[PDB]
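The structure appears below as structure tokens.
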């Protein structure tokens, strides 16, 4: 259950094997080595006999590193074919992805193959239920091999696809659907990645990990499909990073969000209010235009009707975004997910977590009782 | 008009200092018009991301317009003027202004040297 601290995403293969042997000697009955596409292409999980090698989402991975598309999928297929057993390896993957079918075509054909696609009729899996919500999204899966009940996912399609892919692995061990109750409970536990709303009765808070433009865009689309009323987001850019990434990120954020807050997610020795101006230049505004408007009490909106806010410090802006939210609306924090490190300059501070959001959602009641207005960025302070 | 014309007779190219504003619309040719500091409508909405990439993207220098404490003027335009650039006025506003003055002078002559005048129909006209 415990996980050792590792700097890289994929540790050394020899060290991983030694840790797995030490665990299997005493304190663990099974040693499963799971690595991502980059870890599998590097050789971390490749040098290990994999009983079940399935892909959750097959697409162009490590295209800039490996230099060729479908390289990670081919490496995973080769690693699975190296150590393969009859009717023991699972090929559960979405049928819509062509890389998944290309990887399933390679290797030993005696291995069991199955599809977890919902729209495909050959996969026989389908949600067949309408219970999507920010707290829990239960589906009644009706498949011959898959379990009946499904796991409550925070996302509309991504979490549903993950639950459908995990249902196959859960049913492979046990045909009874009662054994998947623990897996469904663990999936609804709101992990670090694509976290769900808090259990407390308050506005929805979704902590996500979105840094690349495409992932940020797809997460924003999924939130728009899930967000009933408003889409409130707050994020920032890292210093000495891709300079062209900031304007496209700001544009993709402002295109579909009504109100967005721009902060400094990772200063890392880079001057503040500089990359913030870079993000502001995406919507055509300059920090001068905003600052001279801030002396007034108007704050004109965007031409498309949306609104844009910004602040230097991360804590106060995040607390305001958590407080500036409607009942049916949910607040999305795509700046950082499972990460708990904020490097402001040379020093780093570990002051980024969900406990701050919980404290803000608890104290917003006292703020409203005091009479403070948190509708927009210029809080109307009484006298 | 007179000046730009003058330069021609001399075969000297307009120097690079003519430059676009934050709104790229501003240029000596288009600025004097009445709508001021307003991006011109091109049908298709201006590609905001495209402008960014052009000035600086990935690597490179852009005059990021963030206000700073040091006293160097933010407009690159101000450079070379000792204190600051001249205040903005349209041809229109200027024209109304110029107009008032000539008139004022005639009124001024009237105020001090004008109560009496050569015309004999003046008493009715003065009022």
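Cβ placement follows ideal geometry from the backbone for every residue including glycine, while neighbour counts extend to all protein chains displayed. Each reported figure results from applying straightforward, stated rules to the coordinates on display, with no laboratory input.
Going by what's in this entry, would residue B:12 be described as in a helix (DSSP H, G or I) and away from chain A (no Cβ under 14 Å)? Walk me through how you get there before you give the answer.
Values: in a helix (DSSP H, G or I): no; away from chain A (no Cβ under 14 Å): yes.
So residue B:12 fails the test.
Looking at the range B:15-65, which of its residues are part of a helix (DSSP H, G or I) and either touching a residue at least 60 places away in the same chain (Cβ under 8 Å) or over 15 Å from the mean Cα position of the chain (by Cα) (or both)? Spell out how you get there, then give the answer.
Restricting attention to the range B:15-65, the residues satisfying the condition of being part of a helix (DSSP H, G or I) are B:28-31, B:48-55.
Those that are part of a helix (DSSP H, G or I) and either touching a residue at least 60 places away in the same chain (Cβ under 8 Å) or over 15 Å from the mean Cα position of the chain (by Cα) (or both): B:48, B:49, B:50, B:51, B:52, B:53, B:54, B:55.
Over 30 Å from residue A:328 (Cα atoms), surrounded by fewer than 14 Cβ atoms within 10 Å (Cβ to Cβ) and touching a helix residue (DSSP H, G or I) at 6+ places or on another chain (Cβ under 9 Å), is that true of residue A:170?
Values: over 30 Å from residue A:328 (Cα atoms): yes; surrounded by fewer than 14 Cβ atoms within 10 Å (Cβ to Cβ): no; touching a helix residue (DSSP H, G or I) at 6+ places or on another chain (Cβ under 9 Å): yes.
Here the answer is no, as residue A:170 does not meet what is asked.
Would you mind telling me which numbered condition in (1) more than 14 Å from chain A (Cβ to nearest Cβ); (2) closer than 29 Å to residue A:303 by Cα residue B:68 fails?
(1)
Conditions: (1) within 14 Å of chain B (Cβ to nearest Cβ); (2) over 25 Å from residue A:379 (Cβ atoms). Residue A:210 meets all but one. Number of the miss?
Here residue A:210 meets the rest and fails (1).
Could you list all residues from the range A:282-299 that are out of contact with any strand residue (DSSP E or B) (no Cβ under 8 Å at 6 or more places or on another chain), part of a loop (DSSP other than H, G, I, E, B) and at the interface with chain B (Cβ under 10 Å from one of its Cβ atoms)?
Selection gives A:284, A:286.
Looking only at strands (runs of 3 or more DSSP E) that fall completely inside the range A:312-383, which ones have 2 or more residues that are more than 25 Å from residue A:274 (Cα to Cα)?
Details: elements: A:330-333, A:342-344, A:347-349.
The strands (runs of 3 or more DSSP E) meeting that bar are A:330-333.
Any idea how many residues of the range A:235-252 are within 8 Å of another protein chain (Cβ to nearest Cβ) and either within 19 Å of the chain's Cα centre (by Cα) or assigned to a loop (DSSP other than H, G, I, E, B) (or both)? Walk me through how you get there before you give the answer.
So in the range A:235-252, the residues within 8 Å of another protein chain (Cβ to nearest Cβ) come out as A:242-244, A:247-248, A:251.
Cutting the leftovers down to either within 19 Å of the chain's Cα centre (by Cα) or assigned to a loop (DSSP other than H, G, I, E, B) (or both) gives us A:242-244.
Going through the range A:235-252 one residue at a time, the tally reaches 3.
Please find, within the range A:253-271, the residue that is nearest to residue A:343 (Cα to Cα) out of those that are within 14 Å of another protein chain (Cβ to nearest Cβ) and surrounded by fewer than 19 Cβ atoms within 10 Å (Cβ to Cβ).
The selected residue is A:270.
Would you check which residues across the range B:27-51 are more than 14 Å from chain A (Cβ to nearest Cβ), out of contact with any helix residue (DSSP H, G or I) (no Cβ under 8 Å at 6 or more places or on another chain) and surrounded by 13 or more Cβ atoms within 10 Å (Cβ to Cβ) and list them?
B:31, B:36, listed by residue number.
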